[PDB]
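Asker: Pasting an experimental structure with its sequence.
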Amino acid sequence: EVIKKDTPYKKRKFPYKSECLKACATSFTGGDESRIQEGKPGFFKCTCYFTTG
């Protein structure tokens, strides 16, 4: 009952995780985080989830 929101990171400089996870929450703006609410980081990429249900 949830969606899958993952953004790309590649590997900008050194591992930041927060710099990528931010892309998810920042990837868009308008609703109360309605689209992510929570997400995790990854190397060369990052996966996020929309706490809905």
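Answerer: That came through fine. Residues are numbered from 1 along each chain as shown.
Asker: what secondary structure does the residue nearest the centre of the chain sit in?
Answerer: The centroid of the chain falls nearest to residue 24 when counting by Cα atoms, centre = their mean (3.1 Å). Classification of residue 24 by DSSP: H, G, I helix; E, B strand; the rest coil places it in helix.
Asker: Using PDB, list the CA coordinates for stretch 29-38.
Answerer: Extracted in PDB, the C-alpha atoms of stretch 29-38 (Å, rounded to 0.1, in the frame of the first residue of the first chain):
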ATOM      1  CA  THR A  29       7.900  20.300  -2.600                       C
ATOM      2  CA  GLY A  30       4.300  21.100  -1.900                       C
ATOM      3  CA  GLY A  31       2.600  18.500   0.300                       C
ATOM      4  CA  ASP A  32       3.600  17.700   3.800                       C
ATOM      5  CA  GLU A  33       6.400  15.300   2.600                       C
ATOM      6  CA  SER A  34       3.400  13.500   1.100                       C
ATOM      7  CA  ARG A  35       5.500  11.400  -1.200                       C
ATOM      8  CA  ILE A  36       8.400  10.400   1.000                       C
ATOM      9  CA  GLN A  37       8.000  11.200   4.700                       C
ATOM     10  CA  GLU A  38      10.900   8.800   5.100                       C
END
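Asker: Can you give me the separation between residue 21 and residue 1?
Answerer: Counting by Cβ to Cβ, to the nearest Å, the gap from residue 21 to residue 1 is 22 Å. Just so you know, the C-beta spots here come from the backbone N, C-alpha and C atoms, and that holds for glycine as well.
Asker: okay, these two: which has more neighbours?
Answerer: residue 21 (21 against 4; other Cβ atoms under 10 Å).
Asker: In this structure the more buried one contacts residue 49, no?
Answerer: No - here residue 21 lies out of contact with residue 49, judged by Cβ atoms under 8 Å, at a distance of 11.3 Å.
Asker: Need the residues touching each of the two.
Answerer: Residues within reach of residue 21 and of residue 49 at once, by Cβ atoms under 8 Å, 6 or more residues apart in numbering, are 39, 40.
Asker: still on that earlier bit, which residue packs closest to the residue nearest to the centre of the chain, ignoring adjacent ones?
Answerer: Leaving aside its chain neighbours, residue 24 sits nearest to residue 48 (3.9 Å; criterion: Cβ to Cβ, 6 or more residues apart in numbering).
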